[PDB]
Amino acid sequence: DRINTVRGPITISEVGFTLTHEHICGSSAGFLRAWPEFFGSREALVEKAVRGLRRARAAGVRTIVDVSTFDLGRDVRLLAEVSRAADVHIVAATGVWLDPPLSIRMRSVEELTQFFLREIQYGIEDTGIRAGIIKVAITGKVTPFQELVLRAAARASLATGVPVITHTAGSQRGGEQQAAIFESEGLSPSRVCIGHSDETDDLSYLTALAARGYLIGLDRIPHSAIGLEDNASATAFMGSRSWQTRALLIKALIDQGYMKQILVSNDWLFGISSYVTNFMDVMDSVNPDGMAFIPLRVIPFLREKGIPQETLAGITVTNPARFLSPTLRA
């Protein structure tokens, strides 16, 4: 079976150790093309990303999933360039994030479904690169527009077998909202990762979703504004919980018997224009390991806590391949 990447299809055996929720750059549609100097230059951004991916590769990573949507400024040509240079597979995304422009947010559920299908079945822009995942997002109480996006995502997943990754901004729960909508459309929970789940400490909430068959994205592990009391922007974006506390949720879910439902990532990037200026510097100061943080810090931490190799490989290799492999029915 085959997974689409920015350099073409690859087999399941080629996927390897995967980071399921990452970005090369967090931006806005067309922004990198219109003002590349915001990032120093396109060339500087490419250099920062290639070095960062090569560090991750040296720590064991073989694939990342860039869950940047059109409205997060996804540039698949950038992804292809850095994937080739770093020799790390990149899966690209369709879907809608938090900042849809009018041309997206004025659209109907049917139109959004056709847009997602175009990006998965035909390709992104004029590149022939096909999305391998659908990324959606909601705020607090799912808005009428976000509900349209979720339903369109479920429909595109049902037609193509590609999985859906979702999260709730602003609050620590919210996965129940998305689950009810997805299920109303007939989508299998095994096609869905409820992301940014490490933002809550409510284990009962995560375990119940896992028991229903949802994948649980513990994918903002290195985000933390501890020590950055000076910075309101940093606390608002990364939060005030230690990375070890977040990582321990991984062990907790394993102990509950749901290793098979866990996906782990960094939610990192190599440039960011969608927040305050120079926020990349703040992030880099918190986590100098970048995307290598999971393999260099979290994996050893879990081992020390007594999680066996084979379990860690199940989480980092087996689960992502099962998740990404397009699967029409469960």
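Numbering starts at 1 and follows the sequence shown.
With 23-31 and 293-301 compared on mean CA B-factor from the PDB entry, the stretch scoring higher is 293-301. Set 173-181 against 156-164 and average the Cα temperature factors; 173-181 ends up higher. Set against one another, the Cα B-factors of 127, 103, 139, 114 in the record reach their highest point at 139. Set against one another, the Cα B-factors of 245, 94, 121, 83 in the record reach their highest point at 245.
For residue 47, the recorded CA B-factor ranks within the middle third of the chain. Only modelled residues enter the ranking. For residue 191, the recorded CA B-factor ranks within the lowest third of the chain. Only modelled residues enter the ranking. Looking at the C-alpha B-factors along this chain, the one for residue 317 belongs to the lowest third. When the CA B factors of the chain's modelled residues are split into thirds, the value for residue 133 lands in the lowest one.
When the modelled residues of the chain are ordered by their C-alpha B factor, residue 109 lands in the middle third.
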